[PDB]
Amino acid sequence: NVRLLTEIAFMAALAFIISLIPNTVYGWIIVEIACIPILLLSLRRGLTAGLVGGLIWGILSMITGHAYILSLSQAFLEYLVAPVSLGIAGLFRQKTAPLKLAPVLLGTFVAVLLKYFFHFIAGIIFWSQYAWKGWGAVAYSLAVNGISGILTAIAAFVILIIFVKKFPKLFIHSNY
Ligand SMILES: CCCCCCCCCO[C@@H]1O[C@H](CO)[C@@H](O)[C@H](O)[C@H]1O
Ligand SMILES: CCCCCCCCCO[C@@H]1O[C@H](CO)[C@@H](O)[C@H](O)[C@H]1O
Ligand SMILES: CCCCCCCCCO[C@H]1O[C@@H](CO)[C@H](O)[C@@H](O)[C@@H]1O
Ligand SMILES: Cc1ncc(C[n+]2csc(CCO)c2C)c(N)n1
């Protein structure tokens with residue numbers, strides 16, 4: 001009870017602190033390293049924990065003034081649904097030894113793809129006034145959010161491979 005809750009809370013606060021690190025490549029093409037703590041949380045504690053972690057992270061972003069909000073529905077999509085959706089990594093939780101790297105990677109792939117799918121949808125609806133010269137709404141959003149999603153996946157792969165090799169205990173919960 002108290003262990004699980006403190007972990008959800010610490011991973012959400014860490015996601016938020018990490019989102020203060022400058023992460024822009026160009027305009028909205030970004031490297032979203034703040035996903036990582038929520039991915040770690042979901043992989044270790046499962047679907048529900050991760051969902052709740054992402055929800056808390058999203059709320060922190062909004063209530064501290066760090067979220068970019070264009071409307072109620074845009075905020076719902078990009079700062080509730082999108083961060084929550086990272087919890088899908090938890091379907092790839094490993095409960096028993098030995099820890100394999102592949103599930104970690106697949107979970108991450110799927111979770112980051114899902115998050116950036118929601119950003120892609122939002123890009124079409126809410127951000128198309130910024131589209132580059134000659135680019136339609138769909139094309140612009142696919143580029144921006146596709147690229148960000150790939151870069152974010154990259155960063156998550158690199159960090160999580162390091163954690164697997166150097167801190168494998170992180171990925172498997174044990175009582176005792
Ligand atoms: C549910 C658990 C919640 C724990 C979250 C506590 C950590 C959040 C602190 O954020 C701070 O917000 C300030 C706004 O006043 C910013 O100026 C500052 O840069 C930033 O560091
Ligand atoms: C692509 C989005 C939806 C796909 C969700 C399907 C995931 C199936 C997860 O079951 C698997 O069960 C094993 C035994 O428990 C785990 O050890 C393993 O790591 C886990 O991967
Ligand atoms: C991080 C990169 C973001 C991924 C963007 C890829 C979008 C691919 C959409 O998947 C799809 O699902 C089915 C129902 O949703 C649709 O019938 C199908 O036509 C659609 O293409
Ligand atoms: C084309 C386009 N431009 C901006 C955004 C907005 N956006 C992208 S990632 C993100 C969350 C990072 O905190 C937000 C709000 C978008 N979806 N698509």
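Here Cβ is always computed from backbone atoms with ideal geometry, including for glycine, and neighbour counts include all displayed protein chains. Just so you know, all these numbers are worked out from the coordinates, no wet-lab data involved.
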Q: Count, please, the residues in the stretch 7-31 that happen to be over 24 Å from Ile154 (Cα atoms) and either more than 10 Å from ligand 1 (Cβ to nearest atom) or touching a strand residue (DSSP E or B) at 6+ places or on another chain (Cβ under 8 Å) (or both).
A: 1
Q.
For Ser71, only one of the following conditions fails: (1) buried (at least 20 other Cβ atoms within 10 Å of the Cβ); (2) closer than 17 Å to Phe118 by Cα; (3) of a type in the set (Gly, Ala, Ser). What is its number?
A. (1)
Q. What pairs come up if the first residue lies in the stretch 82-108 and is more than 8 Å from ligand 2 (Cβ to nearest atom), the second is hydroxyl-bearing (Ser, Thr, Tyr), and their beta carbons are under 8 Å apart, counting only those six or more places apart or on different chains?
A. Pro83/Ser61; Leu86/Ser42; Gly87/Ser42; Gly87/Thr48; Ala89/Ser42; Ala89/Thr108; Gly90/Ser42; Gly90/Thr48
Q: Could you grab me the full set of residues in the stretch 96-109 that are within 17 Å of the chain's Cα centre (by Cα) and surrounded by fewer than 17 Cβ atoms within 10 Å (Cβ to Cβ)?
A: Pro103, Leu106, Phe109
Q) Can you name the condition, by its number, that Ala122 falls short on among (1) within 16 Å of ligand 3 (Cβ to nearest atom); (2) out of contact with any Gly (no Cβ under 8 Å at 6 or more places or on another chain); (3) under 16 Å from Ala34 (Cβ atoms)? A) (3)
Q | Top-ranked residue in the stretch 126-141 [being surrounded by 15 or more Cβ atoms within 10 Å (Cβ to Cβ) and out of contact with any helix residue (DSSP H, G or I) (no Cβ under 6 Å at 6 or more places or on another chain); ranked as farthest from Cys35 (Cα to Cα)] | A | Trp135
